Each structure stands twice: as C-alpha cells, then as structure tokens.
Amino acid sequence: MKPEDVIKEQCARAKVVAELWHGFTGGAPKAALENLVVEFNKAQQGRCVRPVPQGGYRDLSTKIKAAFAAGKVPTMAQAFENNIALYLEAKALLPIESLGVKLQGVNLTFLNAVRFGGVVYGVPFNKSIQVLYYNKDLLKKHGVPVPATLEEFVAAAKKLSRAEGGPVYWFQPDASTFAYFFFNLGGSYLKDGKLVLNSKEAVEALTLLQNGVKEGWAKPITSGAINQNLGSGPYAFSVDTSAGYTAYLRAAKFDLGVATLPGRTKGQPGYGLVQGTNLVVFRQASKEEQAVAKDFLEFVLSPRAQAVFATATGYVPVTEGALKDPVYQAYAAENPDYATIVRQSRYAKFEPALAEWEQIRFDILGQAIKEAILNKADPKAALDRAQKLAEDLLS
C-alpha cells in the first residue's frame, strides 16, 4: 500500500484532520513529504495531517486564491515569501510564535525571509539552493577543472563544446537561471525601493546567455527538466536547484558531480537563488486544527525529520540540530554532495518578496528571457518591455 493510501486510511480513522496543500507533483519531494506525514500521524492518537496535491507551485497559489474567494482555506499550505506577502494583505496568516512553535536554531538565512514587520509568518520547510551539476567523466576526459569563477565557467563551456561538437552548458530560459547570472554580475532587483528589470547587470546577464546560444556553448532546454533531457547530446554543466539532486543521480549515465557555484573571484563561491517553500497556518482554521499544525510544525523542525527529508531530496536542512543528527551524519559521510549543498547554502540570495512577484517572474521577466533566447529579441529591448509591463502592474 502506497504512503498516500496509508495516509488516507490514517485520516479516515482520525477525529481531527488538518489539510496541508502542497505543490509536489511527484518524485523524491512528494515521497519524502508523504513518509514524514505517515510517521507523524502514527505518533498522534486520532490527530492527523492530510497532504493534498494541488499541482505545481503556481497551481497551488491559484488554488489558495480560489479558496479565499470560496471562503474555505486549508489549515496549512506551502508558500514562497511573495505568496506570504500576498496572504498578509488579506490578514489570512497566524503568527507562528503565537502557536508556541520554537524557532531558535532555524538558519537565519531562512528565518529572516519569513519575518514581515518583525513577525514570523512561516516555518522554513523545503528550502533549496542552486548548485553546479556537472559531468565528472566529460571534464576528466578533456582535462578541464571544475570552474571556480564565471570567467572559468565560460572558458570551460567553450573548450568542451568545441571538443564534443555540441553546446555543453544546458539551461532553462527562465527567471531562476537568469537570477544566477544577474546576482553574480552585481545585479540587484531593488534600487531605492523600486523594482528594476532592465538594469545594465540584467542586460549583461541575458546577453551572456543569448551570446552562449549563438556561439554554440549554451543549449536551451524547452521540453522538460534538464535532468529529463540527459542522453541527448553531450552535457557538461547546469545551474539547477539542489531539490533536483535525486532526479539527476537517477537519470545520469555518467559520473555526476556537484560543486559550489562559480563566483566573480576565487575568494568566495557564487550566490545561488534560494527556492522551495515555507509552511503557513491559516487564521480561519479551528483551534483543534491549529493544535495539530503546532505539533506537525515542531515535528518538521526536529533534527530527525529534517535529516531524513533533506537526505532523500537535496533540500538544505533548515536547523543547526539537523546537521548534528546521526542519520544526516551517516549520509554525509558516504556522499560529499550533501556537505557541498550546505556549503553553497551559506552564499544565498532571494528574489523580491513583493506580493505581485509570482506574476512578474513568470509572465513578464520569464517571457522577456524566452523572447531573447528563443525568438532572437534584443536583450535590452526585451527587458525594456518587461520593465514597462512590471511598472504598469505595480501601479
């Protein structure tokens, strides 16, 4: 019987059920969440969590918006920082510390991100960092060191693409990939409080990617995840979420490597984009449902729950105590990629937490990146149209 079938039987028997709406569509994240939930439900006497898949993360925020309109929300949901900003406009969210959930020991990179006007409104749960995935065999074949700097990274992509007769740096033409180049060229999305999409660092970042396509070293991936396209043509590198770690390991026919990101200089690794979500608790939930949320949140923050979840997926453990847990230690001792993910999590940047950001990153910024990369639009002209559309949406 599948974990989701066991959870269904657990919730059928329970006297109180707290729904948790999520955006895991499958693979290791979905299985690891469901395993965490079965264990929690087993320790409870008739008090359970029911995880409800709502599609992807965009389907989830659409589903929560419908629930506001219908007047019926879940007890808990996954949320990005911008989704939290949006839900706070409706005063929909319970402050976490009012449930008595202790947050001492949560990574300040993650706790700062859920604090709005000095109050914590989410529990960091599944937090990812971008890493450098690479083909150990193909770098070794051609004598190419893992690149430590953006300059070395471009040099390595060109050398390997020439040797293998195909573009070896694979990328999705999206806001997440753009953020890695933008941040490590000195970019900042906010200037004196204003959102800017068309700064010289943005044009520099999109131009670097478009020039890589033209020069034959950068391969756009338009159908499926990078790890779902492996095996078609030579691959050397991608910049991708740590939460894809198990998918990469299972797909790659070559010796997979994980490195810290290339940076401006060898003095420090590149900054990676933080992705994944926080759990929020809705005010409209009953006192009995809120008590279940309190216990589930303390369970999710326990060193063992974090150790198992993070080693199953590639997410970054959110607590100091997770790294001191023997099950984490056992995994890290056999596989250095876990410590690599933690070290990269020290060099970590967030996108803006504006309530409108989800629409901007996909429909405005992501469309401009696709215009430049897939339809040969001039980078500055594509980003000037994005700036115009963002300015119109934020007024």
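Numbering starts at 1 and runs along the sequence shown.
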Could you settle it for me: does 169 to 177 or 224 to 232 have the higher average Cα B factor in the PDB entry? 224 to 232
Tell me which stretch has the larger mean Cα B-factor in this entry, 124 to 132 or 208 to 216. 208 to 216
Selection by C-alpha B-factor (highest) of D325, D240, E298, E97: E97
Between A285, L256, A305, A312, which one tops the list for C-alpha B-factor in the PDB entry? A285
Considering every modelled residue of the chain and its Cα B-factor in the PDB entry, is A31 in the lowest, middle or highest third? middle
Lowest, middle or highest third: where is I364 by Cα B-factor in its chain? middle
Tell me, lowest, middle or highest third: where does the Cα B factor of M76 rank within its chain? lowest
Grab the CA temperature factor for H22 from the record and place it in the lowest, middle or highest third of its chain. lowest
In terms of the chain's CA B-factor thirds, is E351 lowest, middle or highest? lowest
